[PDB]
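Single chain ahead, written as structure tokens, the form deposited in one PDB entry.
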């Protein structure tokens, strides 16, 4: 195996190009960079700009006003002697129930969310087409789902190894000033760098892609590294992480789940996502 993380143009895939390369990428790697999907650096920088201003310059009171009463990191702001936000701050959003610091932030972030949600649906549609997969209930009902967007600022592991439990996850990063590459994934049994690319988004396949396709798609393990010390000046970083997550009522075959590695304890022949994961979303999982 070439252990190179590939790149695909969404526009080209949608035109039927690179069918074998894409399908083998999904089976053997389960991650790739995606160009030509409507996600520019320019917009990343505009959404990034307005939230970073809020993180640095918003007051305790303004933060409070967009903090959920339970600290779940589902919507709004999460700071996370001193503060939980010493380590990192988060801003989360979905298709509704959002908490916005102002009308300007709302306009920018709604647009950014919608662009990520469209791209995510679109790449997912290609993963399903590439694998000949018709979800129970059909493709469009499956993709009209329960996305979660989290943007996270890290001051100068960071994140332990895990796989995602999404259909797909779209990641936009900003680079470390000092060049350190924090995001890593297992490819060919070894940890491969996943650097910022100004022209592309990183796609990880998650365990729901494995499930829905009957095991035709790998859900790779990945983690976020921390610098040496030679590299701990200018080591701060941000990431925009978009989880395309199924509806609670997403239904699948139990015997099929078993065949691809899922250690289910489910009686009978079909089950729902809620049956499997329970009554709260679980976005990530460790192999341990």
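Residue numbers count along the first chain shown, from 1. For the two forms, the rigid core is made up of the largest set of C-alpha atoms that agree within 1.5 Å on superposition.
Keep in mind that the form deposited in another entry is missing from the display, and what follows is about it.
Undergrad: Core-aligned, between this form and the one not shown, one residue among 247, 35, 239, 253 moves its CA by 2 Å or more. Tell me which.
TA: The only residue crossing the 2 Å threshold is 253.
Undergrad: After superposing the rigid core, is the C-alpha displacement of residue 230 2 Å or more between this form and the one not shown?
TA: Residue 230: C-alpha displaced by 2 Å or more between this form and the one not shown.
Undergrad: Is it true that residue 20 shifts between this form and the one not shown by 2 Å or more at the Cα, once the core is aligned?
TA: The answer is no, as the C-alpha of residue 20 shifts between this form and the one not shown by less than 2 Å after core alignment.
Undergrad: Aligning on the core only, does the CA of residue 270 end up 2 angstroms or more away between this form and the one not shown?
TA: The answer is yes; the displacement is at least 2 Å.
Undergrad: Is the CA-CA spacing of residue 266 and residue 138 tighter or wider in the other form than here, given a 3 Å or more change?
TA: Note: Cα gap between residue 266 and residue 138 widens in the other form.
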